[PDB]
Structure formats: C-alpha cells, structure tokens
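A.B. asks: Dropping the structure in here first, questions after.
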Amino acid sequence: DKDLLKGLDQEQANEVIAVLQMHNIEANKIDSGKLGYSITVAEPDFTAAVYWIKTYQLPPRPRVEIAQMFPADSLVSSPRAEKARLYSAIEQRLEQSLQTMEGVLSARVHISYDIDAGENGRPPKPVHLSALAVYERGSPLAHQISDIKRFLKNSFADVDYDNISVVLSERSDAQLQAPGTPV
Amino acid sequence: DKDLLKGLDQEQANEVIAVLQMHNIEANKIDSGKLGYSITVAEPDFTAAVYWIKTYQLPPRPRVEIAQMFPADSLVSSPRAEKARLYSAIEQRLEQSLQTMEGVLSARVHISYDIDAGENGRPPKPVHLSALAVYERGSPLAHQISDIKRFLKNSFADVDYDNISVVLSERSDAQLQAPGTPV
Amino acid sequence: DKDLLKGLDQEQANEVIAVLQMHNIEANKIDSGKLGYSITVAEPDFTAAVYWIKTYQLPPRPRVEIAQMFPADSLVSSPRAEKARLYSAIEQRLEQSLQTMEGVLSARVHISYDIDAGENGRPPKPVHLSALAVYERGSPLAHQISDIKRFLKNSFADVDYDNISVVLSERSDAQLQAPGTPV
Amino acid sequence: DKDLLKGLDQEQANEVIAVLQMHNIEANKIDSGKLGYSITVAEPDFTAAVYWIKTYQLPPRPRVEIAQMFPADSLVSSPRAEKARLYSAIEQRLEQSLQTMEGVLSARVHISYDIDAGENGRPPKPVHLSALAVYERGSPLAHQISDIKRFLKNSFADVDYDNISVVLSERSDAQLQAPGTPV
Amino acid sequence: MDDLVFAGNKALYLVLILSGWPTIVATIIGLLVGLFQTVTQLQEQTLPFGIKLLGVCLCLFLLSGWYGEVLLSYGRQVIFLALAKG
Amino acid sequence: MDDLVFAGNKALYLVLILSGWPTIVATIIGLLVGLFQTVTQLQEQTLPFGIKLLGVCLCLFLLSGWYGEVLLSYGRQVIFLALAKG
Ligand SMILES: CCCCCCCCCCCC[N+](C)(C)[O-]
Ligand SMILES: CCCCCCCCCCCC[N+](C)(C)[O-]
Ligand SMILES: CCCCCCCCCCCC[N+](C)(C)[O-]
Ligand SMILES: CCCCCCCCCCCC[N+](C)(C)[O-]
Ligand SMILES: CCCCCCCCCCCC[N+](C)(C)[O-]
C-alpha cells in the first residue's frame with residue numbers, strides 16, 4: 133500500500149474518503165492517535181488518487197470566521213474591532229437558524245461590513261446581505277426563495293428586497309453502492 | 133536511483149508527483165520522518181525530470197495571504213493594519229463560500245484595498261472585485277457568470293456590475309492510466 | 133573529475149544541472165549533507181562547462197522581495213514601511229493567482245509604488261501595472277492578452293487599459309534525450 | 133609551478149580560469165578549504181598570465197548594491213535612507229524579471245535616485261531609467277528594443293519613452309576546445 | 093451630545109496611550125538600578141537620572157512618527173464633528 | 093516635511109549630548125567616592141558633593157568653548173531654514 137497523506141484530522145480524513153469513493157477508488161483510513169489519521173490506496177489506483185488530490189486541493193483548510201482576527205484578548209479594543217466581532221457573531225447565528233428551515237441541508241450567509249470606515253466622523257451606510265443554500269431533491273426552489281427573503285428582511289434595521297441576493301441548489305445523486313476492488 | 137529533491141513536505145511532494153506522472157515519468161516518494169519526503173526516479177528519466185522541474189519551478193512556494201504581513205502580536209496597531217487584517221479575512225471567507233456552489237472545483241478572489249490611503253481627508257472610493265474559477269466539464273460558462281456576479285454584488289456596500297470581473301475555465305482531461313516503466 | 137562548485141543548495145544545483153545538460157555536458161550531483169551539493173564533470177567537458185557557468189552567471193541569486201527590506205518583526209514601523217509591505221504582498225498574491233489560469237506556466241507582476249512619495253497634502257497618482265507570462269506551445273497569445281488585461285483592471289481602484297503592459301512568450305523546445313558520454 | 137593567487141572565493145577562481153583559458157593558458161585550481169582556492173600555471177605561461185591579470189584587474193571585486201550603505205538594522209533612519217532602500221530593491225527586482233524574457237542571458241538596470249533631494253515644497257522630478265542586456269546569437273535586436281521599452285514604461289508612475297535608454301549586445305563566440313599543453 | 097461624550101473620552105484615552113511607554117521604561121530603569129545598588133552596596137543617586145535620560149530619549153526617537161499620525165487623525169476627526177452638521 | 097523632521101530631531105540629539113558630559117563626570121566621581129567610603133568603612137554626607145562640584149566646574153571650564161560653537165551653528169541653521177523659501 134502507498135501512503136497518500138499523514139497526520140490528518142478526523143474531519144479532513146472523512147472528506148478525503150468521500151471524494152475518493154465518488155470516483156470509484158477504494159481507500160483505507162488508519163489511526164495512529166497522537167499522530168492522526170493516514171490514508172492508503174492500492175497501486176493500480178495510486179495515479180488516479182494523486183490526480184484527484186491535486187484537482188480538489190485536498191486536504192481542506194480549516195473554516196474561516198472574522199472573529200479569529202480580533203481575539204478579544206486585547207488590553208482594549210477600538211470601536212472598529214468591537215463592531216467586527218459583533219457582525220461576525222450575527223452571521224453565524226443566522227446560518228444556524230436557516231439550517232432549521234424545512235428541507236434545507238446547509239447554508240452560508242454574508243453581511244456587508246460597514247466597519248471599513250467606522251468612526252471617521254461620517255454616517256453609516258445601508259446594509260447588504262447574501263445567502264447560499266442547498267435543498268433536498270424535488271423542492272420548488274422558485275417558490276422557496278420568497279420565504280428566505282422575507283425572513284432575512286426583518287433581521288436588520290434597514291434592508292430592501294433589492295439588496296438581498298439568494299442562490300439555491302439541489303443535492304447531487306446519492307452514493308450508495310460500494311466501489312469495486314482492483315483485480 | 134537519483135535524488136531530485138529532499139526535505140519536502142507532504143503538499144510539495146504530492147504536487148511534484150502529480151506533475152511528473154502527467155509527462156509519463158514514474159517517480160517514487162520516500163518518507164524519512166523528521167527529514168521529510170524524498171523523490172527519486174530512474175536514470176533514463178532523470179534528464180526529463182530535471183527539465184520539467186525547472187520549467188514548472190517546483191517545489192511550490194507556500195501560499196501568500198496579506199494578514200501575514202501584520203501580526204496581531206505587535207506592540208502597536210494602526211488603523212491601516214487593522215483594516216488590512218479585516219480585508220484579508222473577508223477575501224478568504226468569500227473564496228471558501230464559492231467553493232460550495234454547484235459544480236465549482238476551486239476559485240480565487242481579489243478586492244481593491246483602498247487602505248493604502250488612510251481614508252482620511254479624502255472620502256473613500258468604491259470597491260472593485262475580481263474572481264477566477266474552475267468548472268466541471270460540460271458547464272455552460274456563459275450562463276454561469278451571472279450567478280457569480282449576482283452573489284458578489286450584494287456582499288459589499290457599493291459595487292457595480294461594471295466593476296466586477298469574472299474569468300472561468302474548464303478542468304483538463306483526467307490522468308487515469310499509470311505511466312510505463314522504463315525498459 | 134574536476135570540481136566546479138561546492139556547498140550549493142538544492143535549487144541552485146538543479147538549475148546548474150539543467151543548463152549544462154541543455155548544452156550536451158554530462159554532470160554529476162553529490163551530497164555532503166550539512167556541506168551541501170557538489171557538481172562535477174569530466175575533463176573533456178571542463179572547458180565548456182566553465183565557459184557556460186560564466187556566461188549564465190551561475191549559481192543563481194536568491195529571489196528578491198521588497199518586504200525583505202522592511203521586516204515586520206521589528207520594534208517599530210514607519211508608515212512608509214507599512215505602506216510598502218502592503219504592496220509587496222499584493223504583488224505576490226497576484227502572481228500566484230495568474231499561475232492558476234489555463235495554460236500558463238509562470239508569471240511576474242510589477243506595480244507602481246506610489247509610496248515613494250507620501251503624497252501628504254497632495255493628490256495621489258494613478259496606478260500602473262506590468263506583467264510577464266510564459267505559455268504552453270500552441271496557445272493563441274493574441275487572443276489571451278485580453279483576458280489578462282480584463283482581470284487586472286478590476287484589481288485596483290483606478291486603472292486604465294492604457295496603463296497596463298503585458299508581455300507573453302512560449303515555452304522553448306523540450307530537452308528529453310540524454311547527453312552523450314565522452315569516449 | 134608558480135603561484136598566481138591564493139585565498140580566492142569560488143566565484144573569483146572560476147572567473148580567473150575562464151579568462152586564462154580564453155587566451156590559451158592552461159591553468160589549475162586547487163582547494164585548501166579554510167584557505168580557499170589557489171591557481172597555478174606553467175612557467176612558459178607565467179609571463180602571459182601575469183600580463184592578463186594586470187590587464188583585466190583580476191580577481192573581481194564583489195557586486196555593489198545601494199542597500200549595503202543603509203543597513204536595515206541601525207537604531208534610527210531618516211526618510212532619505214528608507215527611500216534609498218526602497219529603490220535599491222526595485223532595481224534588483226526588475227533585473228531578476230528581465231532575465232526571464234525570451235533569450236535574454238543577463239541584464240542590468242539603473243534608476244535615477246531623486247532621493248538625493250527632498251523635492252519638499254517643490255515638484256518632484258520625473259524618473260529616468262537605463263538598461264543593458266546581452267542576447268543569444270541571431271536575435272533581431274532592433275525589433276527587441278520595443279518590448280523592453282514597453283515593459284519598463286509601466287513599471288513607474290510617470291515615465292516617457294524619451295527617458296528610457298536601452299543598450300543591447302550579442303554573445304561572443306563560444307569557447308569549446310581546450311587549450312594546448314606546453315611542449 | 094454623544095459626540096461630545098465620545099470626543100472627551102477619546103482625549104483621555106490618547107493621553108494614556110501616548111504617555112504610557114516613556115513612563116513604563118522610566119519605571120523599569122528605576123527598579124533595576126535601585127536593586128543593583130542593594131546587590132552591590134553603592135549609595136549613588138544621580139545614576140538613575142543619567143540612565144533614564146538616555147532611556148526616555150531613545151524611545152522618543154522610536155515613536156516620533158506614530159505620535160504625529162495619531163494626532164493628525166484625531167484633529168481631522170474632531171474638526172469634522174464640530175463643523176459638519178446639516 | 094524633511095526640514096521639520098531634521099530640525100526637530102537635531103534639537104533632541106543636542107539636548108542629549110550637551111547634557112550627557114557633566115552627568116557622566118558627576119556619576120563616575122560619585123561611584124568612586126562611594127566606594128572609597130566602603131573600603132575605608134568611614135562615612136559622611138558632604139565629601140561626594142564637595143568633589144562633584146569641582147568636577148563639574150572643571151568640565152565646564154574645559155568644554156564650554158565647544159558649547160558655543162555648537163549653539164551658534166544650530167542658531168544660524170534654523171533661521172536660514174525658516175526664511176529659506178525666500
Ligand atoms: C524632556 C523632553 C520632553 C519632550 C515632550 C515631547 C515629546 C515629543 C517630542 C517630539 C517627537 C519626537 N521627536 C524625536 C521628533 O522629538
Ligand atoms: C506632544 C505630542 C507628540 C509630538 C507630535 C506633535 C505633532 C507634530 C506635528 C506632526 C506632523 C506630522 N507630519 C510631519 C507627518 O506632518
Ligand atoms: C527638544 C524637545 C522639543 C522638541 C520638539 C520638536 C517638535 C517636532 C515636531 C514634529 C514631530 C513629528 N515629525 C518628526 C514627524 O515631524
Ligand atoms: C552650576 C552652573 C551651571 C551653569 C550651566 C551652563 C554651563 C555652560 C555655560 C557657561 C560656561 C561658563 N564658562 C565655562 C565659559 O565659563
Ligand atoms: C556662574 C554661571 C554663569 C553661566 C553663564 C556664563 C556666561 C555664558 C558663557 C559665556 C562664554 C561662552 N564661551 C565660553 C563660549 O565663550
């Protein structure tokens with residue numbers, strides 16, 4: 133067996149396994165504890181596995197949130213930093229609320245950070261919002277965009293339907309059958 | 133066997149192997165632990181391997197992000213350094229969101245840093261955006277530029293469709309068959 | 133065998149090897165560990181090897197980046213220094229993005245450093261950009277300049293097509309066959 | 133055998149060998165480690181070798197770069213010093229970029245240091261540029277001046293084609309045959 | 093109103109920030125020299141002054157720039173708050 | 093403003109070097125007279141002051157000509173800068 137990757141996290145490993153199985157590559161996950169997980173494949177599949185790891189840029193980088201840049205361990209933080217932490221917490225709370233709606237599997241939300249020129253004496257600017265979401269198969273997406281827009285509009289003090297962008301997509305085909313073992 | 137490279141990391145090694153396999157050069161990856169990975173090839177292929185290493189300038193440099201220039205552990209932070217870390221984190225969070233859209237494999241995003249003036253005295257100037265992305269084979273690229281533009285427009289306080297550039301490309305042919313071993 | 137060079141690094145060694153092989157000179161690489169790499173050639177080829185080493189000025193110098201002159205790990209940083217590190221990071225991030233376009237092998241980018249005046253009490257000059265790129269054989273260079281210009285224009289707050297210079301070139305012929313051994 | 137020089141560096145010794153070989157003088161390079169390299173010739177060639185060492189002023193002095201005058205690590209810097217380090221880095225970066233153009237072997241760049249006056253309360257003068265380059269044999273120099281002018285023009289905020297000087301030269305004949313040994 | 097309260101608060105905040113570093117180094121030098129004079133028994137009293145003068149002047153050289161950028165930005169801000177009403 | 097930068101930095105450098113010499117002399121004398129009291133194990137308040145005064149007066153008798161040269165040079169230079177534009 134040939135080593136593809138070592139020292140992976142659990143949530144990196146399960147993503148790599150998922151992407152290899154989709155292309156009919158049988159892979160194995162091994163746990164070394166403090167050394168993390170290792171991924172191995174057979175030689176006939178080695179070439180393909182390498183090319184897919186390249187194409188998808190695996191393993192995935194960790195997920196980024198703006199509050200990571202303003203750790204709140206400061207001695208004191210400016211208005212600019214406080215207003216950033218605030219907005220970054222509202223974004224996460226909204227994504228978690230949308231995941232509870234009917235038939236939504238996952239979503240992402242973005243808010244226009246007015247903080248760029250907070251506290252230069254000038255007045256603030258109206259807010260804008262963007263959302264992505266994934267639906268179960270057979271959902272009337274067109275009829276479901278209205279609900280999302282309606283829900284988002286009243287979460288903020290001044291928002292116009294014109295300023296809300298919504299993009300929806302359906303889930304891909306289910307991967308239920310196991311890949312074939314090399315002869 | 134002749135040594136091409138030593139002391140690589142895991143990402144550098146997999147990128148090298150991928151590019152060599154594409155040109156029909158069979159290569160071997162060896163792990164020395166604390167010394168990293170080593171790459172070796174047969175003599176008949178040594179010349180070619182050297183030429184391709186030179187042409188692609190492997191092994192790749194690590195990826196660059198603007199926040200690396202303004203460590204938060206500094207004794208002092210100015211407004212310029214704070215706004216630099218803010219924009220450097222929004223760019224990354226947009227790239228991570230685009231990777232979730234239907235049929236995208238990877239993407240890159242750029243924002244106009246107006247922070248190179250203090251936003252003082254002179255009023256601030258409108259934002260510009262650029263995006264690059266890669267698509268699965270058989271995608272109507274022309275019809276897909278619209279979605280990206282729509283999604284990006286509302287992510288900031290003031291952006292015009294005229295100020296958004298989008299460049300798309302398709303994935304190359306898959307490298308599935310293994311290279312032949314030298315006689 | 134005659135010693136040409138000692139204590140080279142890995143990248144220097146592989147550069148020298150590539151240049152010599154192109155001219156039909158068989159060379160050998162030896163590893164001394166903490167003492168680096170050594171390059172040796174046969175006597176019949178010594179004269180030519182010396183002449184080419186002079187002509188190309190090998191071994192290559194380390195690559196220069198502007199931020200090296202204004203290290204961030206320093207007690208205090210003048211505005212000029214911070215304003216310099218910002219640009220010297222944007223340059224590198226654009227190079228790294230261009231390398232991802234279809235068919236490009238490598239690129240270099242340059243930006244006009246307006247920091248060479250503070251422009252305090254003064255209107256800021258417009259930005260100018262220059263770019264160099266190398267393409268795979270059989271690429272329609274003429275039709276590819278447009279994409280690059282379009283992409284670069286929106287990277288900065290105010291850029292005119294007239295202020296963007298682009299120079300393209302094709303890859304040279306591949307060196308695949310091995311050089312002949314002296315009789 | 134007579135001693136010409138001792139305690140040389142690697143890159144001094146190689147230049148000396150190259151110049152003696154070009155005039156039909158067979159020379160030998162010896163390594164003493166901590167004592168550096170030594171160069172020896174036969175008595176019949178001693179006179180000629182001394183004449184050429186005088187005429188070319190060998191061994192060469194190291195390259196001079198302006199940043200060596202203004203170290204980054206002094207306690208304090210006036211604006212003039214910082215501004216000089218900045219241009220002293222842009223020169224080196226442009227040289228390294230031009231060396232990647234098609235068929236260029238080596239190049240030199242010079243920039244007008246306006247820094248030697250403040251231009252405070254005053255209009256800062258426009259920039260001037262000079263470049264030297266060496267080409268492989270069979271290059272249409274006349275047609276290649278345009279490319280370099282076009283490329284350098286946009287590297288700075290305000291440059292006129294009139295203010296750019298470019299001087300080109302072809303490579304000399306190749307030294308491939310070895311010199312004859314005294315009878 | 094809140095603009096008044098904000099600007100007045102910020103004034104004290106800037107005093108604190110700018111003055112803080114010199115007073116820190118003058119403290120640390122005072123403690124170290126005072127200890128040294130107990131570790132080896134010497135009853136001098138100008139030595140602290142001689143050292144701390146060099147200590148304070150050095151960091152005034154270092155921070156000379158940030159001092160002017162902060163005060164300019166503050167002055168522009170308060171002039172805007174005062175005059176730009178509509 | 094390279095002129096304001098220069099005149100402002102030089103003023104502080106001149107303060108530091110003009111004042112340093114008397115204080116250095118006073119400190120070295122202070123230490124030696126403090127030591128001698130320890131090796132003699134004999135103690136009084138006044139001996140160090142008495143010697144310090146003489147040490148500083150000699151320092152001034154010697155250097156003072158150079159203090160005048162330095163101050164005149166700076167005095168002219170700043171005036172020429174102030175009225176340089178015309
Ligand atoms: C006894 C010295 C008291 C100095 C109080 C004022 C501190 C700021 C001095 C101006 C800024 C620093 N520098 C070096 C240009 O002078
Ligand atoms: C006592 C506060 C600290 C000293 C600095 C006072 C401000 C002086 C004027 C700053 C001018 C800045 N400059 C040269 C960029 O214009
Ligand atoms: C000797 C103590 C008083 C010296 C006062 C010098 C004032 C310099 C004002 C300008 C400071 C800011 N700077 C250097 C950027 O111009
Ligand atoms: C205790 C006296 C303090 C005087 C401070 C000024 C000293 C320098 C200027 C006076 C010099 C007099 N001198 C040496 C020319 O006679
Ligand atoms: C008793 C202390 C008197 C201090 C002031 C003495 C007068 C100023 C010095 C005048 C002479 C200056 N000098 C030495 C350059 O000629």
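Chains as they are written, first to last, in my numbering: chain D, 133 to 315; chain R, 133 to 315; chain W, 133 to 315; chain A, 133 to 315; chain Z, 93 to 178; chain B, 93 to 178. Note that beta-carbon positions come from the ideal geometry of N, C-alpha and C, so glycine has one too.
Within 8 angstroms (strictly less), CB to CB, does residue 146 of chain D reach chain Z?
C.D. replies: Closer than 8 angstroms: no.
A.B. asks: Write down every uninterrupted run of the beta strand (DSSP E) in the stretch 177-261 of chain A whose length is 3 residues or greater and which is fully enclosed by it, in chain order.
C.D. replies: DSSP runs (the beta strand (DSSP E)) wholly in the stretch 177-261 of chain A: 236-243.
A.B. asks: Apply the 10 Å Cβ neighbour rule to residue 290 of chain D and answer buried if 16 or more other Cβ atoms are within range, or exposed otherwise.
C.D. replies: Burial call: exposed.
A.B. asks: Check whether the stretch 158-167 of chain R and the stretch 198-209 of chain W touch, using three or more Cβ-Cβ pairs below 8 angstroms as the test.
C.D. replies: Touching, no.
A.B. asks: Less than 7 angstroms separating the Cβ of residue 159 of chain B from some heavy atom of ligand 4?
C.D. replies: For ligand 4, at least one heavy atom lies less than 7 angstroms from the Cβ of residue 159 of chain B.
A.B. asks: Is residue 294 of chain D helix, strand or coil by DSSP?
C.D. replies: Helix.
A.B. asks: Identify each residue in the stretch 185-205 of chain R for which the Cβ-Cβ distance to at least one residue of chain D is less than 8 angstroms, and report them in chain order.
C.D. replies: From the stretch 185-205 of chain R, only 199 and 204 have a Cβ closer than 8 angstroms to chain D.
A.B. asks: Hey, does residue 256 of chain A have any beta-carbon neighbour from chain W nearer than 8 angstroms?
C.D. replies: For residue 256 of chain A, the answer is yes, since a Cβ of chain W falls inside 8 angstroms of its Cβ.
A.B. asks: At what residues does the alpha helix (DSSP H) containing residue 96 of chain B begin and finish?
C.D. replies: Its alpha helix (DSSP H) spans residues 94-132.
A.B. asks: Look at the Cβ atom of residue 245 of chain A, then the Cβ atom of residue 219 of chain A, and state whether they are nearer than 8 angstroms.
C.D. replies: Against a cut-off of 8 angstroms, the Cβ pair of residue 219 of chain A and residue 245 of chain A comes out as a contact.
A.B. asks: Determine the contact status of residue 225 of chain R and residue 241 of chain D, defining contact as a CB-CB distance below 8 angstroms.
C.D. replies: Taking 8 angstroms as the Cβ cut-off, residue 225 of chain R and residue 241 of chain D do not qualify as a contacting pair.
A.B. asks: So what does DSSP say about residue 157 of chain W, is it helix, strand or coil?
C.D. replies: Coil, per DSSP.
A.B. asks: What's the call for residue 116 of chain Z, buried or exposed, on a 16-neighbour Cβ count within 10 Å?
C.D. replies: Residue 116 of chain Z should be labelled exposed.
A.B. asks: For the beta strand (DSSP E) holding residue 170 of chain W, just list the boundary residues, first then last.
C.D. replies: Note, residue 170 of chain W: beta strand (DSSP E), 169-173.
A.B. asks: Kindly indicate which residue of Z/152, Z/174 and Z/109 has the alpha-carbon position closest to the one of residue 101 of chain B.
C.D. replies: Considering only alpha carbons, the answer is Z/152.
A.B. asks: Between residue 222 of chain D and residue 231 of chain D, what straight-line distance do the alpha-carbon atoms span, to the nearest angstrom?
C.D. replies: Roughly 15 angstroms between the two C-alpha positions.
A.B. asks: Does DSSP classify residue 301 of chain R as helix, strand or coil?
C.D. replies: Residue state, collapsed to three classes: strand.
A.B. asks: Are the CB atoms of residue 131 of chain B and residue 143 of chain B nearer to each other than 8 angstroms?
C.D. replies: No; because the gap between Cβ atoms is not below 8 angstroms, this pair is not in contact.
A.B. asks: Applying a beta-carbon distance threshold of less than 8 angstroms, which residues of chain E neighbour residue 249 of chain D?
C.D. replies: Among the chains of the structure shown, chain E does not appear; the protein chains present are D, R, W, A, Z and B.
A.B. asks: Taking only heavy atoms of ligand 5 into account, decide whether any of them is closer than 7 angstroms to the Cβ of residue 238 of chain A.
C.D. replies: No, ligand 5 has no heavy atom inside 7 angstroms of this Cβ.
A.B. asks: Can a CB atom of chain W be found closer than 8 angstroms to the CB of residue 287 of chain A?
C.D. replies: Yes, contact with chain W.
A.B. asks: Applying a beta-carbon distance threshold of less than 9 angstroms, which residues of chain B neighbour residue 138 of chain Z?
C.D. replies: By Cβ distance, chain B contributes 115, 118, 119, 122 and 144.
A.B. asks: Residue 145 of chain W bridges to which residues according to DSSP?
C.D. replies: Per DSSP, none; premise fails for residue 145 of chain W.
A.B. asks: Tell me whether residue 153 of chain Z counts as near ligand 1, meaning its Cβ is closer than 7 angstroms to at least one heavy atom of that ligand.
C.D. replies: It does: the Cβ of residue 153 of chain Z is within 7 angstroms (strictly closer) of some heavy atom of ligand 1.
A.B. asks: Spatial neighbours of residue 285 of chain A within its chain, please: CB distance less than 6 angstroms, with the 5 preceding and 5 following residues excluded, ordered by chain position.
C.D. replies: Excluding residues within five positions, the ones whose Cβ falls inside 6 angstroms are 291.
A.B. asks: Expressed to the nearest angstrom, what Euclidean distance is found between the alpha-carbon atoms of residue 311 of chain W and residue 149 of chain W?
C.D. replies: Cα to Cα, residue 311 of chain W sits roughly 12 angstroms from residue 149 of chain W.
A.B. asks: Given a cut-off of 8 angstroms on the beta-carbon distance, is the pair residue 138 of chain D and residue 146 of chain R in contact?
C.D. replies: No; because the gap between Cβ atoms is not below 8 angstroms, this pair is not in contact.
A.B. asks: Would you verify that the beta carbon of residue 172 of chain Z is, or is not, closer than 8 angstroms to some beta carbon of chain D?
C.D. replies: Yes, contact with chain D.
A.B. asks: Hey, residue 233 of chain D and residue 217 of chain R are a contact pair by Cβ (cut 8 angstroms); roughly how many whole angstroms apart?
C.D. replies: The pair is not a contact, with the Cβ atoms about 34 angstroms apart (cut-off 8 angstroms).
A.B. asks: Between which two residues does the beta strand (DSSP E) harbouring residue 138 of chain A extend?
C.D. replies: Unbroken beta strand (DSSP E) run through residue 138 of chain A: 134-140.
A.B. asks: Buried or exposed: which applies to residue 105 of chain B, given that a residue is buried once 16 or more other Cβ atoms fall within 10 Å of its Cβ?
C.D. replies: Classification of residue 105 of chain B: exposed, given that the 10 Å Cβ count is below 16.
A.B. asks: For chain Z, is any of its Cβ atoms less than 8 angstroms away from the one on residue 207 of chain W?
C.D. replies: It does: the Cβ of residue 207 of chain W has a partner Cβ on chain Z nearer than 8 angstroms.
A.B. asks: Against chain W, which members of the stretch 152-167 of chain Z pass a CB distance test of less than 8 angstroms?
C.D. replies: Within the stretch 152-167 of chain Z, the residues whose Cβ lies closer than 8 angstroms to some Cβ of chain W are 154, 155, 157, 158 and 161, listed in chain order.
A.B. asks: Are the stretch 260-274 of chain W and the stretch 293-302 of chain W touching, with three or more C-beta to C-beta distances below 8 angstroms?
C.D. replies: As far as the Cβ criterion goes, the stretch 260-274 of chain W touches the stretch 293-302 of chain W, which means the pair count is three or higher.
A.B. asks: Just grab the DSSP bridge partners of residue 267 of chain W for me.
C.D. replies: Per DSSP, W/236 and W/302.
A.B. asks: Against residue 183 of chain R, what residues of chain W qualify as contacts under a CB-to-CB distance less than 7 angstroms, listed in chain order?
C.D. replies: The answer, in chain order, is 150, 306 and 307.
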